[PDB]
Structures are given as C-alpha cells and as structure tokens.
Amino acid sequence: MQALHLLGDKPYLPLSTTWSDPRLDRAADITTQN
Amino acid sequence: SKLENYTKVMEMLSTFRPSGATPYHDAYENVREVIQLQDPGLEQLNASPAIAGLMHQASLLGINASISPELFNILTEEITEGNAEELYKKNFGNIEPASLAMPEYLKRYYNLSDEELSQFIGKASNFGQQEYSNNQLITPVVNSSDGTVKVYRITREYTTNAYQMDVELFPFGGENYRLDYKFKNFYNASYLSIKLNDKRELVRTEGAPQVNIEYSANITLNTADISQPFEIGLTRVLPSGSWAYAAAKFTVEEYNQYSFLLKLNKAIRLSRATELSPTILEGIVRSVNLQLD
Amino acid sequence: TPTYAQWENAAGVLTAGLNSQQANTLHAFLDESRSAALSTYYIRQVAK
Amino acid sequence: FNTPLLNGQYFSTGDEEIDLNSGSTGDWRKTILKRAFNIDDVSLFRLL
C-alpha cells in the first residue's frame with residue numbers, strides 16, 4: 001500500500017480515438033516529412 | 001441514518017436505489033445462496049412438476065439470474081424523454097450528469113475495471129438511438145480527447161426534393177460521421193455528387209444510385225460546419241448535366257446525458273447481476289427490439 | 001409482491017436447515033456481499 | 001443460540017411464550033430453536 005499510493009491513480013486511456021485506420025500508401029506520405 | 005434496529009437498516013438498504021452497488025436485498029441473497037447450496041440448479045425442484053407449477057417459471061428462474069426485485073424494478077422501467085429528467089432523480093439523485101460523464105468518475109462509482117468499462121464505452125455507440133425518430137437522432141459521441149462522453153441531438157429538416165430520397169446521419173467520432181441515404185425515384189446519374197450544402201464536396205460516387213438501395217458515406221463535419229444549421233446537398237448528376245438534386249438541413253445540438261446514463265446504468269447493473277458479458281447481452285437485446293431497450 | 005418480512009422469514013426457515021460447513025460458507029458469502037453494499041452506501045450517503 | 005446472530009436479534013431467556021406447533025409458523029425464536037437443534041418443525045414438535 002505504501003508503494004500503491006506512491007504510484008497513484010492508474011491512468012485511463014480511451015480505447016478508441018481519432019485514429020481512422022488509414023491506408024499504408026497514404027500513411028506513408030503523411031509520415032514522409034519535408 | 002435514524003434507524004435503530006438491524007432489520008430496519010437492511011430494509012432501507014434493500015431500496016436505496018440511488019447508490020452504486022445497492023439496492024441490496026439481504027433476505028433474497030440469503031435465500032438464493034441457501035438454495036444454490038442445498039439444490040444447485042433446482043434439479044429437484046424441476047424434477048417435481050407440482051412444485052414447479054405452483055411457481056411461475058420466471059420466478060424460480062429469476063432466482064438463478066440473481067436479479068433482485070428492486071433491480072427488476074430498475075431494469076423494467078420505461079426510460080424515455082419526458083421521464084428521464086426525473087428518473088435521473090430517482091436513479092442517481094444529486095450527482096451531476098456532467099461529473100458522471102467522466103469515465104473515471106463513473107468507473108469509480110460502479111467500482112468497474114478499466115477493460116470492463118472500455119467495452120461498455122464501445123457499446124455506448126449502440127446505447128444511443130438506433131434510428132431517426134421525428135427526424136431527430138439523439139446519440140452519445142466519444143470525441144474523447146479527454147475521454148468524456150457528449151450527447152448530440154441531430155435534427156433533420158428536408159429542404160429540397162424530399163420526394164427523391166430519405167437521408168440519415170450517424171456519427172461515430174469527433175467530426176467523424178456516417179451518412180446514410182436511400183432513394184425513392186431513379187435518375188440515371190453519370191455520377192453521384194454529395195456536398196456540404198452545395199459547397200464542399202464530401203464524397204462523389206460514379207454511376208447511377210439505384211432505387212431502394214441504402215447507400216452510406218463516412219463523411220466528416222467540422223466545428224465551423226456543425227455549429228450551423230447546415231444543409232447537406234446531394235446531387236445525382238446525369239450525363240446530360242441535369243440533376244436530381246435533393247437536400248436536407250441537419251441541426252446539431254449538444255444535449256443532456258440523462259437518457260444515455262440511464263441506459264448505461266441498466267446495462268451495467270444487468271451485466272453485473274447476471275455475470276454475463278456485455279456482448280452477450282447486446283446479442284440478446286437485438287433479438288427482441290431493433291431499438292436497444 | 002412479497003414484502004420484506006416474508007423474505008426474511010423464508011431466509012430464516014431456509015437457513016435453519018443448513019449444516020455447520022454450509023452455514024459457514026453461507027455466512028462468509030453474506031458477509032462479503034454486506035460489506036460491499038455497506039461500503040457503497042457509506043460512500044454515497046454518510047461520507048463527508 | 002446467539003452465534004451466529006440471526007437478523008441482528010439476540011436470544012435470551014424471557015417470560016414470553018414460544019409455540020412449538022409445526023403448522024403454527026412461529027416467530028424467529030422457533031427458527032433459533034430449529035437452527036440450534038438442527039431439526040425441522042415436525043421433528044421439533046415430536047421432540048417436545
């Protein structure tokens with residue numbers, strides 16, 4: 001319990017989000033920086 | 001509590017519906033545990049037809065499912081707009097629905113696990129209304145940069161050539177939507193063009209949309225769009241450049257969480273009482289009603 | 001519908017028939033359920 | 001008799017009168033007697 005309150009509240013992480021299942025072709029060009 | 005004796009306290013607790021793991025009917029729990037010790041599954045009860053017939057089936061059987069009588073009153077309740085504003089008073093009391101909207105507060109309130117809450121929040125996209133009613137759709141939306149749940153009212157308003165089609169809009173994320181539409185009349189389009197109003201073309205489809213086909217599109221509508229009572233203008237453009245244009249406005253309103261939280265409460269309490277997976281319950285509820293009710 | 005006194009009477013009659021081992025398990029389960037219910041009620045209604 | 005406590009009621013000697021008739025459906029005191037003696041109502045009346 002001493003280590004438990006030190007760690008504190010376990011973070012909640014919303015399971016699905018803005019990420020939209022993009023194509024590998026388009027993900028490649030978005031990731032290709034100038 | 002101003003209660004002196006133990007049984008008055010347990011009577012109070014048996015009906016304290018506003019709290020997150022009451023109502024707790026102690027005599028019912030004792031009876032259920034004693035039965036499941038002495039005759040697990042009621043094999044001897046069902047082997048005696050006379051006793052089984054002195055009971056209703058749904059009464060002996062509802063003692064297997066661990067549904068207490070007040071929990072049965074909770075789950076039976078006819079939740080609808082026009083009573084949700086006071087059934088929230090009955091079922092949650094004083095906790096603001098804005099606080100209870102936060103996933104952390106609600107998970108602490110039901111003492112749920114993180115992965116247990118996560119599947120209910122996925123199910124939340126089903127918890128809304130499943131189809132348009134009175135040209136309105138009222139739905140929860142995640143938009144969860146902070147995890148929070150927001151309920152949107154979408155109000156449809158047919159503006160233009162409503163005899164061409166029915167059109168319906170169904171969000172699934174922040175500025176992320178499904179648009180559904182279904183034609184009434186046939187026009188041999190060279191392509192189907194669909195725009196925000198007649199302005200920003202959100203999708204185009206080549207060829208002729210057919211009658212009695214429900215087409216769909218994963219459109220987007222942005223803040224500067226959905227703050228308006230925006231139109232959605234669809235346009236079957238024929239090879240001649242003629243068109244069966246038709247359109248409807250869609251007002252987007254932010255809305256109270258009452259009817260959402262009451263349905264989530266029913267789902268959580270039912271899943272916890274019957275120790276059944278939320279997927280199983282969702283697969284059962286659709287076999288009665290096309291509305292999740 | 002059966003009133004709480006009817007339920008408590010049935011609970012007592014049914015409990016009287018159990019043996020020491022089954023009574024011990026029943027009491028442990030009842031204590032766990034009561035603890036959960038009381039903790040939730042205290043948090044909602046009695047905590048400052 | 002007293003342990004485990006049945007519905008928060010403490011059993012002690014008193015001047016009240018307790019019925020041992022099996023069909024009488026007696027109060028909690030009869031349930032206490034049945035639990036203490038580990039017998040049903042009919043056998044309780046037979047023992048009486």
# chains A, B, ... in the order shown; residues from 1 in each chain; ligands from 1
call {"tool": "closest_atom_pairs", "arguments": {"of": "chain D", "to": "chain B", "cutoff": "9 Å", "atoms": "only C-alpha atoms", "output": "JSON lines"}}
result
{"residue": "D:7", "atom": "CA", "partner": "B:7", "partner_atom": "CA", "distance": 6.6}
{"residue": "D:8", "atom": "CA", "partner": "B:6", "partner_atom": "CA", "distance": 5.5}
{"residue": "D:9", "atom": "CA", "partner": "B:6", "partner_atom": "CA", "distance": 8.2}
call {"tool": "write_last_selection", "arguments": {"atoms": "N, CA and C atoms", "output": "PDB file, in the first residue's frame"}}
result
ATOM      1  N   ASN D   7     -30.394 -12.180  11.932  1.00  0.00           N
ATOM      2  CA  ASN D   7     -31.065 -10.922  11.607  1.00  0.00           C
ATOM      3  C   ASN D   7     -30.911  -9.893  12.725  1.00  0.00           C
ATOM      4  N   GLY D   8     -29.740  -9.881  13.357  1.00  0.00           N
ATOM      5  CA  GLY D   8     -29.459  -8.916  14.408  1.00  0.00           C
ATOM      6  C   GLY D   8     -30.369  -9.008  15.609  1.00  0.00           C
ATOM      7  N   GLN D   9     -30.796 -10.210  15.979  1.00  0.00           N
ATOM      8  CA  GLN D   9     -31.652 -10.416  17.139  1.00  0.00           C
ATOM      9  C   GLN D   9     -30.932 -11.293  18.150  1.00  0.00           C
TER      10      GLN D   9
END
call {"tool": "residues_around", "arguments": {"residues": "residue 12 of chain A", "least_positions_apart": "6", "cutoff": "9 Å", "atoms": "only C-alpha atoms", "output": "ChimeraX atom specification"}}
result
/B:103-104,114,147
call {"tool": "closest_residue", "arguments": {"among": "B:155, B:257, B:119, B:129", "to": "chain A", "atoms": "only C-alpha atoms"}}
result
B:119
call {"tool": "select_by_dssp", "arguments": {"residues": "segment 5-232 of chain B", "states": "strand (DSSP E)", "output": "number ranges by chain"}}
result
B: 136-141, 150-160, 165-173, 176-183, 191-196, 200-206, 214-217, 231-232
call {"tool": "residues_around", "arguments": {"residues": "residue 7 of chain C", "least_positions_apart": "5", "cutoff": "10 Å", "atoms": "only C-alpha atoms", "output": "PDB file with N, CA and C atoms, in the first residue's frame"}}
result
ATOM      1  N   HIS B  25     -30.801  -6.617  -1.323  1.00  0.00           N
ATOM      2  CA  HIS B  25     -31.871  -7.294  -0.604  1.00  0.00           C
ATOM      3  C   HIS B  25     -31.257  -8.488   0.112  1.00  0.00           C
ATOM      4  N   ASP B  26     -31.111  -8.384   1.434  1.00  0.00           N
ATOM      5  CA  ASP B  26     -30.290  -9.359   2.141  1.00  0.00           C
ATOM      6  C   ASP B  26     -31.008 -10.691   2.281  1.00  0.00           C
ATOM      7  N   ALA B  27     -32.308 -10.659   2.578  1.00  0.00           N
ATOM      8  CA  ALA B  27     -33.058 -11.900   2.706  1.00  0.00           C
ATOM      9  C   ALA B  27     -33.095 -12.651   1.384  1.00  0.00           C
ATOM     10  N   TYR B  28     -33.242 -11.923   0.275  1.00  0.00           N
ATOM     11  CA  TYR B  28     -33.225 -12.560  -1.037  1.00  0.00           C
ATOM     12  C   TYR B  28     -31.878 -13.211  -1.314  1.00  0.00           C
ATOM     13  N   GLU B  29     -30.784 -12.525  -0.973  1.00  0.00           N
ATOM     14  CA  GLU B  29     -29.459 -13.103  -1.172  1.00  0.00           C
ATOM     15  C   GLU B  29     -29.267 -14.348  -0.316  1.00  0.00           C
ATOM     16  N   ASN B  30     -29.734 -14.304   0.933  1.00  0.00           N
ATOM     17  CA  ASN B  30     -29.653 -15.474   1.800  1.00  0.00           C
ATOM     18  C   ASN B  30     -30.433 -16.643   1.213  1.00  0.00           C
ATOM     19  N   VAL B  31     -31.651 -16.380   0.732  1.00  0.00           N
ATOM     20  CA  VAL B  31     -32.468 -17.441   0.150  1.00  0.00           C
ATOM     21  C   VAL B  31     -31.792 -18.022  -1.083  1.00  0.00           C
TER      22      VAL B  31
ATOM     23  N   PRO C   2     -44.090 -10.155  -2.703  1.00  0.00           N
ATOM     24  CA  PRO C   2     -43.766 -10.495  -1.308  1.00  0.00           C
ATOM     25  C   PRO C   2     -43.058  -9.352  -0.592  1.00  0.00           C
ATOM     26  N   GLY C  12     -34.872 -17.157   7.010  1.00  0.00           N
ATOM     27  CA  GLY C  12     -34.600 -17.822   8.274  1.00  0.00           C
ATOM     28  C   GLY C  12     -34.970 -19.294   8.247  1.00  0.00           C
ATOM     29  N   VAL C  13     -36.134 -19.615   7.678  1.00  0.00           N
ATOM     30  CA  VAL C  13     -36.559 -21.010   7.605  1.00  0.00           C
ATOM     31  C   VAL C  13     -35.585 -21.821   6.758  1.00  0.00           C
TER      32      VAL C  13
END
call {"tool": "closest_atom_pairs", "arguments": {"of": "chain C", "to": "chain B", "cutoff": "6 Å", "atoms": "only C-alpha atoms", "output": "Markdown table"}}
result
| residue | atom | partner | partner_atom | distance |
| --- | --- | --- | --- | --- |
| C:7 | CA | B:27 | CA | 5.5 |
| C:8 | CA | B:27 | CA | 4.9 |
| C:11 | CA | B:31 | CA | 5.0 |
| C:37 | CA | B:22 | CA | 5.7 |
| C:40 | CA | B:21 | CA | 5.9 |
call {"tool": "residues_around", "arguments": {"residues": "residue 17 of chain A", "least_positions_apart": "6", "cutoff": "12 Å", "atoms": "only C-alpha atoms", "output": "PyMOL selection string"}}
result
chain B and resi 121-122+141-148+172-176
call {"tool": "closest_atom_pairs", "arguments": {"of": "chain C", "to": "chain D", "cutoff": "12 Å", "atoms": "only C-alpha atoms", "output": "JSON lines"}}
result
{"residue": "C:5", "atom": "CA", "partner": "D:27", "partner_atom": "CA", "distance": 11.1}
{"residue": "C:6", "atom": "CA", "partner": "D:27", "partner_atom": "CA", "distance": 11.6}
{"residue": "C:7", "atom": "CA", "partner": "D:7", "partner_atom": "CA", "distance": 11.9}
{"residue": "C:8", "atom": "CA", "partner": "D:7", "partner_atom": "CA", "distance": 8.2}
{"residue": "C:9", "atom": "CA", "partner": "D:28", "partner_atom": "CA", "distance": 7.8}
{"residue": "C:10", "atom": "CA", "partner": "D:31", "partner_atom": "CA", "distance": 10.4}
{"residue": "C:11", "atom": "CA", "partner": "D:7", "partner_atom": "CA", "distance": 9.7}
{"residue": "C:12", "atom": "CA", "partner": "D:31", "partner_atom": "CA", "distance": 6.5}
{"residue": "C:13", "atom": "CA", "partner": "D:31", "partner_atom": "CA", "distance": 6.3}
{"residue": "C:14", "atom": "CA", "partner": "D:31", "partner_atom": "CA", "distance": 9.5}
{"residue": "C:15", "atom": "CA", "partner": "D:35", "partner_atom": "CA", "distance": 7.7}
{"residue": "C:16", "atom": "CA", "partner": "D:35", "partner_atom": "CA", "distance": 4.4}
{"residue": "C:17", "atom": "CA", "partner": "D:38", "partner_atom": "CA", "distance": 6.5}
{"residue": "C:18", "atom": "CA", "partner": "D:38", "partner_atom": "CA", "distance": 7.8}
{"residue": "C:19", "atom": "CA", "partner": "D:38", "partner_atom": "CA", "distance": 7.5}
{"residue": "C:20", "atom": "CA", "partner": "D:38", "partner_atom": "CA", "distance": 9.5}
{"residue": "C:23", "atom": "CA", "partner": "D:4", "partner_atom": "CA", "distance": 9.4}
{"residue": "C:24", "atom": "CA", "partner": "D:4", "partner_atom": "CA", "distance": 9.5}
{"residue": "C:26", "atom": "CA", "partner": "D:4", "partner_atom": "CA", "distance": 11.3}
{"residue": "C:27", "atom": "CA", "partner": "D:4", "partner_atom": "CA", "distance": 8.5}
{"residue": "C:28", "atom": "CA", "partner": "D:4", "partner_atom": "CA", "distance": 11.4}
{"residue": "C:30", "atom": "CA", "partner": "D:7", "partner_atom": "CA", "distance": 11.8}
{"residue": "C:31", "atom": "CA", "partner": "D:4", "partner_atom": "CA", "distance": 11.7}
call {"tool": "residues_around", "arguments": {"residues": "residue 77 of chain B", "least_positions_apart": "2", "cutoff": "12 Å", "atoms": "only C-alpha atoms", "output": "PDB file with N, CA and C atoms, in the first residue's frame"}}
result
ATOM      1  N   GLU B  70     -35.993  -5.179  -6.522  1.00  0.00           N
ATOM      2  CA  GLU B  70     -35.769  -3.776  -6.855  1.00  0.00           C
ATOM      3  C   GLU B  70     -34.906  -3.616  -8.094  1.00  0.00           C
ATOM      4  N   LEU B  71     -33.923  -4.491  -8.288  1.00  0.00           N
ATOM      5  CA  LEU B  71     -33.194  -4.456  -9.549  1.00  0.00           C
ATOM      6  C   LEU B  71     -34.105  -4.785 -10.726  1.00  0.00           C
ATOM      7  N   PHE B  72     -35.073  -5.681 -10.523  1.00  0.00           N
ATOM      8  CA  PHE B  72     -36.096  -5.928 -11.536  1.00  0.00           C
ATOM      9  C   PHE B  72     -36.940  -4.689 -11.809  1.00  0.00           C
ATOM     10  N   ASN B  73     -37.244  -3.907 -10.770  1.00  0.00           N
ATOM     11  CA  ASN B  73     -37.962  -2.653 -10.991  1.00  0.00           C
ATOM     12  C   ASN B  73     -37.109  -1.637 -11.743  1.00  0.00           C
ATOM     13  N   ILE B  74     -35.810  -1.598 -11.450  1.00  0.00           N
ATOM     14  CA  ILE B  74     -34.880  -0.742 -12.186  1.00  0.00           C
ATOM     15  C   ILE B  74     -34.857  -1.112 -13.663  1.00  0.00           C
ATOM     16  N   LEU B  75     -34.675  -2.400 -13.953  1.00  0.00           N
ATOM     17  CA  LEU B  75     -34.491  -2.855 -15.329  1.00  0.00           C
ATOM     18  C   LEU B  75     -35.785  -2.817 -16.132  1.00  0.00           C
ATOM     19  N   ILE B  79     -37.752   3.864 -19.690  1.00  0.00           N
ATOM     20  CA  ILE B  79     -36.940   5.063 -19.894  1.00  0.00           C
ATOM     21  C   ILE B  79     -37.334   5.717 -21.214  1.00  0.00           C
ATOM     22  N   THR B  80     -37.822   6.957 -21.143  1.00  0.00           N
ATOM     23  CA  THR B  80     -37.945   7.791 -22.332  1.00  0.00           C
ATOM     24  C   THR B  80     -37.832   9.263 -21.958  1.00  0.00           C
ATOM     25  N   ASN B  83     -39.688  11.372 -19.219  1.00  0.00           N
ATOM     26  CA  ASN B  83     -39.495  10.904 -17.851  1.00  0.00           C
ATOM     27  C   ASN B  83     -38.041  10.809 -17.410  1.00  0.00           C
ATOM     28  N   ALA B  84     -37.084  10.771 -18.340  1.00  0.00           N
ATOM     29  CA  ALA B  84     -35.669  10.683 -17.986  1.00  0.00           C
ATOM     30  C   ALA B  84     -35.221  11.808 -17.059  1.00  0.00           C
ATOM     31  N   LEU B  87     -36.571  10.367 -13.728  1.00  0.00           N
ATOM     32  CA  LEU B  87     -35.958   9.080 -13.434  1.00  0.00           C
ATOM     33  C   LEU B  87     -34.463   9.197 -13.173  1.00  0.00           C
ATOM     34  N   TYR B  88     -33.806  10.249 -13.670  1.00  0.00           N
ATOM     35  CA  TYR B  88     -32.459  10.555 -13.198  1.00  0.00           C
ATOM     36  C   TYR B  88     -32.449  10.939 -11.722  1.00  0.00           C
ATOM     37  N   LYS B  90     -34.612   9.788  -9.567  1.00  0.00           N
ATOM     38  CA  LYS B  90     -34.814   8.511  -8.882  1.00  0.00           C
ATOM     39  C   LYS B  90     -33.543   7.666  -8.850  1.00  0.00           C
ATOM     40  N   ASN B  91     -32.823   7.571  -9.967  1.00  0.00           N
ATOM     41  CA  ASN B  91     -31.769   6.575 -10.107  1.00  0.00           C
ATOM     42  C   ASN B  91     -30.376   7.092  -9.771  1.00  0.00           C
ATOM     43  N   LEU B 262     -29.003   6.667 -18.025  1.00  0.00           N
ATOM     44  CA  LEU B 262     -29.980   5.672 -17.578  1.00  0.00           C
ATOM     45  C   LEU B 262     -29.861   4.348 -18.331  1.00  0.00           C
ATOM     46  N   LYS B 263     -29.569   4.404 -19.630  1.00  0.00           N
ATOM     47  CA  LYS B 263     -29.358   3.181 -20.397  1.00  0.00           C
ATOM     48  C   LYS B 263     -28.043   2.505 -20.033  1.00  0.00           C
ATOM     49  N   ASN B 265     -26.674   2.710 -17.121  1.00  0.00           N
ATOM     50  CA  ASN B 265     -26.935   2.149 -15.800  1.00  0.00           C
ATOM     51  C   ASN B 265     -27.660   0.810 -15.882  1.00  0.00           C
ATOM     52  N   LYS B 266     -28.746   0.752 -16.662  1.00  0.00           N
ATOM     53  CA  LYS B 266     -29.403  -0.529 -16.917  1.00  0.00           C
ATOM     54  C   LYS B 266     -28.439  -1.585 -17.444  1.00  0.00           C
ATOM     55  N   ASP B 293     -33.471  -1.475 -26.039  1.00  0.00           N
ATOM     56  CA  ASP B 293     -34.393  -1.025 -24.992  1.00  0.00           C
ATOM     57  C   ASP B 293     -34.683  -2.199 -24.057  1.00  0.00           C
TER      58      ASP B 293
END
call {"tool": "interface_residues", "arguments": {"of": "chain A", "to": "chain B", "cutoff": "9 Å", "atoms": "only C-alpha atoms", "output": "list in words"}}
result
residues 12, 13, 14, 15, 16, 17 and 18 of chain A
call {"tool": "write_last_selection", "arguments": {"atoms": "N, CA, C and O atoms", "output": "PDB file, in the first residue's frame"}}
result
ATOM      1  N   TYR A  12      -6.409   6.271 -17.065  1.00  0.00           N
ATOM      2  CA  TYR A  12      -7.390   5.772 -18.021  1.00  0.00           C
ATOM      3  C   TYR A  12      -7.091   6.250 -19.438  1.00  0.00           C
ATOM      4  O   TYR A  12      -6.749   7.416 -19.659  1.00  0.00           O
ATOM      5  N   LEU A  13      -7.228   5.335 -20.397  1.00  0.00           N
ATOM      6  CA  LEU A  13      -6.742   5.518 -21.765  1.00  0.00           C
ATOM      7  C   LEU A  13      -7.837   5.142 -22.757  1.00  0.00           C
ATOM      8  O   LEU A  13      -8.064   3.943 -23.002  1.00  0.00           O
ATOM      9  N   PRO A  14      -8.550   6.118 -23.321  1.00  0.00           N
ATOM     10  CA  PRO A  14      -9.765   5.810 -24.099  1.00  0.00           C
ATOM     11  C   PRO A  14      -9.482   4.884 -25.273  1.00  0.00           C
ATOM     12  O   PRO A  14      -8.660   5.182 -26.144  1.00  0.00           O
ATOM     13  N   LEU A  15     -10.178   3.742 -25.281  1.00  0.00           N
ATOM     14  CA  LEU A  15      -9.767   2.592 -26.083  1.00  0.00           C
ATOM     15  C   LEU A  15      -9.734   2.901 -27.578  1.00  0.00           C
ATOM     16  O   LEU A  15      -8.818   2.468 -28.287  1.00  0.00           O
ATOM     17  N   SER A  16     -10.717   3.649 -28.077  1.00  0.00           N
ATOM     18  CA  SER A  16     -10.722   4.123 -29.454  1.00  0.00           C
ATOM     19  C   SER A  16     -10.744   5.643 -29.512  1.00  0.00           C
ATOM     20  O   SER A  16     -11.281   6.310 -28.622  1.00  0.00           O
ATOM     21  N   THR A  17     -10.157   6.183 -30.573  1.00  0.00           N
ATOM     22  CA  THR A  17      -9.867   7.609 -30.647  1.00  0.00           C
ATOM     23  C   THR A  17      -9.969   8.070 -32.100  1.00  0.00           C
ATOM     24  O   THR A  17     -10.553   7.386 -32.947  1.00  0.00           O
ATOM     25  N   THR A  18      -9.392   9.242 -32.379  1.00  0.00           N
ATOM     26  CA  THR A  18      -9.400   9.870 -33.699  1.00  0.00           C
ATOM     27  C   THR A  18      -8.727   9.032 -34.785  1.00  0.00           C
ATOM     28  O   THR A  18      -9.031   9.222 -35.970  1.00  0.00           O
TER      29      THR A  18
END
call {"tool": "atom_distance", "arguments": {"atom1": "atom CA of residue 195 of chain B", "atom2": "atom CA of residue 232 of chain B"}}
result
6.3 Å
call {"tool": "select_by_dssp", "arguments": {"residues": "chain A", "states": "helix (DSSP H, G or I)", "output": "ChimeraX atom specification"}}
result
/A:2-7,24-31
call {"tool": "write_last_selection", "arguments": {"atoms": "C-alpha atoms", "output": "CSV table (one decimal), in the first residue's frame"}}
result
chain,number,residue,atom,x,y,z
A,2,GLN,CA,2.9,2.3,0.6
A,3,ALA,CA,4.1,1.8,-2.9
A,4,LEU,CA,0.5,1.9,-4.1
A,5,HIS,CA,-0.3,5.4,-3.1
A,6,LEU,CA,3.1,6.5,-4.4
A,7,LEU,CA,2.2,5.3,-7.9
A,24,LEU,CA,-0.4,2.3,-46.0
A,25,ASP,CA,0.0,4.4,-49.1
A,26,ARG,CA,-1.5,7.5,-47.5
A,27,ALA,CA,0.1,6.8,-44.1
A,28,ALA,CA,3.5,6.7,-45.9
A,29,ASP,CA,3.0,10.1,-47.5
A,30,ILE,CA,1.7,11.7,-44.2
A,31,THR,CA,4.8,10.3,-42.5
call {"tool": "atom_distance", "arguments": {"atom1": "atom CA of residue 9 of chain A", "atom2": "atom CA of residue 256 of chain B"}}
result
28.7 Å
